[PDB]
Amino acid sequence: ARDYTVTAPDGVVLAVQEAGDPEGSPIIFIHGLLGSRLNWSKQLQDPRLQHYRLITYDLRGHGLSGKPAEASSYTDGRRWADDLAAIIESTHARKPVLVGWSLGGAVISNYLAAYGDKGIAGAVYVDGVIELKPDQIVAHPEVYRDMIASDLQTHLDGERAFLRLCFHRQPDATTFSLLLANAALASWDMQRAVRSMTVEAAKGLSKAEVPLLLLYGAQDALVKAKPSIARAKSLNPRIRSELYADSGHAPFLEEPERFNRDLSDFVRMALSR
């Protein structure tokens, strides 16, 4: 495995990692809010995915990536799309498949809106944000308020509650503790701003020709699975979807064998269309 960095067009430095085969078909994994590259461990560790070029990175404001103080460095969805474009370019990734979890799905939509899909082979939205609208996002007024609060205990308690909402099948205690500390690395400036991040889902999704797969846990406690899927299919009727009946917001951790099977099958299909 390799570690390196990529500078985005606004100067933010992204922490990037690679695993698998450097000459294999690339897959770029894009994590969600309060995550980091650590979310993807069960994908990166699977021998059955090792013949792909497995690329992860930390989103701006997360993990070991740069964390600008200005809210306007986060509220413009294009900045996050440009981060992704910079990684696609720097890695010289040849028609990668994009895999975006939750906020990562919104990053893909903004990338599709700005750049189109001629540079990629397909995309998987994993419990992806489609739009940030009440008809598509589960109500949690206490948690959403607390996790951006100025009071330190309230803020940390809010993040811990949010991380619990990321699962139906809770992870073991040690994995939860790793992801909890990982979440505490996220920028408070980013957290307050990302609420207001623009998402060009209608433009990015409706124009896509590459294959798109939406994989959601049916019991997702953060993103409303069926309404998000339905909104996406309304925008692009060629989207395929799958519901994992007994997963919540993080099926790649909750049902990793099934997820890795679906992901490898999707990539194989996208590359032989």
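In case it trips you up, residue 1 is the first one in the sequence shown, and so on.
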For the C-alpha atoms alone, is the average B factor greater in 238 to 246 or in 57 to 65, going by the entry?
238 to 246
Which is higher in the entry, the mean Cα B factor of 20 to 28 or that of 258 to 266?
20 to 28
From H140, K118, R164, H155, which pick has the Cα B-factor that tops the rest in the entry?
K118
Going by the CA temperature factor in the entry, name the top one among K224, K42, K207, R37.
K207
Among modelled residues of the same chain, the CA temperature factor third for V124:
lowest
Among the modelled residues of this chain, does the Cα B factor of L49 put it in the lowest, middle or highest third?
highest
Which third, lowest, middle or highest, does the CA B-factor of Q191 fall in along this chain?
middle
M147: CA temperature factor from the record, placed by chain third, in the middle
Relative to the other modelled residues in the chain, which third contains the C-alpha temperature factor of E159: lowest, middle or highest?
lowest
